[PDB]
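Report on one structure; see the data block that follows.
Values below: every heavy atom of this structure, side chains too, minus hydrogens, waters and symmetry copies. Note that the numbering runs from 1 along the sequence shown for the chain.
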Amino acid sequence: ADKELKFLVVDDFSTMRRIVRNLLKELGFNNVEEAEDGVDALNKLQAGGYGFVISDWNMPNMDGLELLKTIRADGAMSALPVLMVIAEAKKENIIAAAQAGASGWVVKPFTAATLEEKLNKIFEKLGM
């Protein structure tokens, strides 16, 4: 894909946002920024320039699935890739997420490799 795609890494656990940031990096993706919950996420997206959203599931104020749902229903941002970080392959959430428009999902913990194939297959399917 493109190495300067601007990524948005959304998570309530600063630790985990540190790991995503680094995972991206170690794959040559260094046009990244962070958001702490869905509310902050939306705020940043509206400003512009993003090309990929990596959002966790459990965040206060505005959670994972909500973030996903508002990008999808929002006509400006509607076709924006959203990769969702889900804890356990709880079938139920996988279904809600794909159901709500998520470009794909990854079960955390994930390595740089799984991340890289998750992205590559999202890139391929989105014409990226």
Side-chain angles (χ1 to χ4, degrees), residues 1-2 4-89 91-128:
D2 162 30
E4 289 145 60
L5 198 53
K6 195 195 208 173
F7 285 75
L8 181 56
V9 175
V10 191
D11 191 315
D12 175 72
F13 189 41
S14 59
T15 303
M16 177 54 185
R17 232 154 66 198
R18 180 161 279 66
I19 295 173
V20 179
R21 173 93 78 128
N22 302 153
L23 288 196
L24 276 175
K25 224 288 316 142
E26 97 226 354
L27 315 158
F29 292 112
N30 322 257
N31 189 27
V32 181
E33 227 318 48
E34 299 162 1
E36 337 171 296
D37 51 59
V39 164
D40 176 25
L42 280 163
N43 299 348
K44 280 149 169 132
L45 301 165
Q46 286 155 346
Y50 291 91
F52 206 107
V53 171
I54 315 176
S55 188
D56 214 273
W57 191 261
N58 252 268
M59 323 169 273
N61 318 306
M62 191 195 320
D63 85 6
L65 185 64
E66 300 281 336
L67 178 56
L68 175 46
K69 303 200 263 175
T70 150
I71 289 168
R72 278 294 168 267
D74 181 323
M77 260 175 330
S78 100
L80 184 74
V82 180
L83 170 65
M84 307 295 325
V85 178
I86 95 149
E88 172 234 312
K91 304 224 186 214
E92 314 88 57
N93 295 342
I94 293 166
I95 302 214
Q99 217 344 320
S103 306
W105 76 92
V106 74
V107 192
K108 88 190 160 126
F110 69 88
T111 62
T114 95
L115 167 52
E116 195 170 51
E117 341 182 300
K118 284 318 186 134
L119 287 178
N120 298 338
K121 92 145 54 310
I122 296 199
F123 300 135
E124 287 161 30
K125 163 188 53 157
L126 247 42
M128 294 191 58

Over all atoms of both residues, closest heavy-atom pair of [X] and [Y]:
| X | Y | value |
| --- | --- | --- |
| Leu68 | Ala100 | CG-O, 3.5 Å |
| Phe7 | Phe29 | CE1-CD2, 3.8 Å |
| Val10 | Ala41 | CG2-CB, 3.7 Å |
| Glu26 | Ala112 | OE2-CB, 3.7 Å |
| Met84 | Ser55 | CE-O, 3.1 Å |
| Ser103 | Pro81 | OG-CA, 3.0 Å |

Atom NZ of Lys125 with >12 non-hydrogen neighbours under 6.0 angstrom: yes
For a side-chain contact (heavy atoms from CB on, under 4.5 Å) check, start with the C-alpha distance between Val20 and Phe110, then their side-chain angles and the critical distance, and finish with the verdict. CA-CA 9 Å; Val20 179; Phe110 69 88; 4.0 Å; yes
First locate atom [atom1] of [X], then atom [atom2] of [Y], and finally report the distance between them rounded to the nearest 0.5 Å.
| X | Y | atom1 | atom2 | answer |
| --- | --- | --- | --- | --- |
| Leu27 | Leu23 | CG | CG | 7.0 Å |
| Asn22 | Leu115 | CG | CG | 11.5 Å |
| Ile86 | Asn58 | CD1 | CG | 11.5 Å |
| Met128 | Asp2 | CE | CG | 7.0 Å |
| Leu80 | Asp74 | CG | CG | 9.5 Å |
| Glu116 | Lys121 | CD | NZ | 12.5 Å |

Just to verify, what does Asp37 make a side-chain hydrogen bond (donor to acceptor under 3.5 Å, both in side chains) with, not counting sequence neighbours? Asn61
For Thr114 and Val106, what are the C-alpha separation, side-chain angles and deciding distance, and is it a side-chain contact (heavy atoms from CB on, under 4.5 Å)? CA-CA 8 Å; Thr114 95; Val106 74; 3.6 Å; yes
Determine whether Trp57 and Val85 satisfy the following criterion, side-chain contact (heavy atoms from CB on, under 4.5 Å), listing intermediate values before the conclusion. CA-CA 6 Å; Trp57 191 261; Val85 178; over 6 Å; no
Parallel, tilted or perpendicular, as decided by the 30° and 60° cut-offs, for the rings of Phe123 and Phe52: perpendicular
When you measure from the side chain of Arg72 to the backbone of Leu67, do you find a donor-acceptor pair of N or O atoms at a distance under 3.5 Å? no
Sorted by chain and residue number, the side-chain contact (heavy atoms from CB on, under 4.5 Å) partners of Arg17 (sequence neighbours excluded) come out as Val9, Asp11, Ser14, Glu34, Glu36
Step-by-step side-chain contact (heavy atoms from CB on, under 4.5 Å) determination, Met62 to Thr70: CA-CA 10 Å; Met62 191 195 320; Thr70 150; 4.1 Å; yes
Could you check whether any side-chain heavy atom of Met77 comes within less than 4.5 Å of a side-chain heavy atom of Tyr50, counting everything from C-beta outward? no
